[PDB]
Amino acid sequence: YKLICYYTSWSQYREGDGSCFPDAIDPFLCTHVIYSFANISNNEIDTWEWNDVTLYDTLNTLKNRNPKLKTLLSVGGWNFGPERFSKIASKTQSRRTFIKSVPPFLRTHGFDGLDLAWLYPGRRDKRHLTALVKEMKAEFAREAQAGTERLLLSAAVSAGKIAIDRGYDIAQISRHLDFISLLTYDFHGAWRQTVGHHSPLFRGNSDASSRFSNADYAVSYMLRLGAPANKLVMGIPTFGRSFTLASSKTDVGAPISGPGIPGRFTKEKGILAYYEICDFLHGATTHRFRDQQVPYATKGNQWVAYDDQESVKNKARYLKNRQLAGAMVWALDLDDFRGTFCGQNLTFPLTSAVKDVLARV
């Protein structure tokens, strides 16, 4: 089984204990660690943060401890305009320029592959997406003739039915990609004003619509569109999504006024790190959707949909029973990496729980 884990560059700026450097990553926890995110300038892959080359170096030295660890560099992300991707992939000339620039960059900094994070391709992008993947892999096969291990190519894919039908030729890109990460944790659209869980495993016997917004559906669909199970990696969140309540109603369908107040270390409305949730739980009322099998909490006018060790173990069992390639975690720096916030003196509570289940066979 594969345990693919993301590390974000900007987590270095969080104050105090929230500050996280590649340094904190346990080299034996994951099988693959992906660094997010790289930029594109003059149609070439390029660094993002001023100290990326120092951090690249730090992350890749972990391979001196665990020789079997693979690292990848991810391009794109949310703060990268999807149009910018759209523009590079559409003109076969800027596409070739970008593709060509990747292997040397990866080789200079020591990465073992490239992760594509185009969020998200639209209807007019589908065909170009396929071409970008096809050609990038062809370039990787050709570069391995130099006598070095082929670089890996992976992609982070939307888990929404509409998004998938709209911009991805799954049967096509699955043949060229080494693995596909399913973003199965973005299921409650910031668009509506009701309370809901962003990463339910199952449909939830109490609701006739949006039966497409749960991990189980997303996986069954991908397997149907033609994605081989041994290439599919299911995403597991290490963060929670918060909401400020509009009334004293706390159960399903309860109304919302907007996102929850920011976390002290994460400082971003609507999001909380797991270690921040561990603190938030004190004095909070914990509940759990039984059909969906995911927990949520409430304190004052704050409502939080998250994942704990047992829902995370649950998801990992699910993934094994359906025989997928492994699990993907977003993101290491949101888990209790210091291990000093969530009670039990365990480092990376959530990611470890996932690894334990995966090691059982």
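In case it trips you up, residue 1 is the first one in the sequence shown, and so on. Whichever C-alpha set is largest while still superposing within 1.5 Å between the two forms counts as the rigid core.
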Open item on the list: Using the rigid core for superposition, please say which stretch has the greater CA deviation in 8 other deposited structures of this protein, 268-276 or 202-210.
Closed with: 202-210
- [ ] Look up the CA B-factors in the entry and say which stretch, 82-90 or 191-199, has the higher mean.
- [x] 191-199
Task: Segment of higher mean CA temperature factor, 206-214 or 170-178 - done: 206-214
- [ ] Among the candidates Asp115, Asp279, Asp186, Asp112, give the one with the maximum CA B-factor reported in the record.
- [x] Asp186
TODO: Compare the CA B factors listed in the entry for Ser154, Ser158, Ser247, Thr130 and report the winner.
DONE: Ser247
Task: Third assignment of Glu49 from its chain's C-alpha B-factors - done: highest
TODO: Taking the chain's C-alpha temperature factors as the reference, tell me which third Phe265 falls into: lowest, middle or highest.
DONE: middle
Task: B-factor third for the C-alpha atom of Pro255 within its chain - done: highest
TODO: Would you mind ranking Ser36 by its C-alpha B-factor against the rest of the chain and naming the third, lowest, middle or highest?
DONE: lowest
Task: Third of the chain, ranked by Cα B-factor, where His287 sits - done: highest
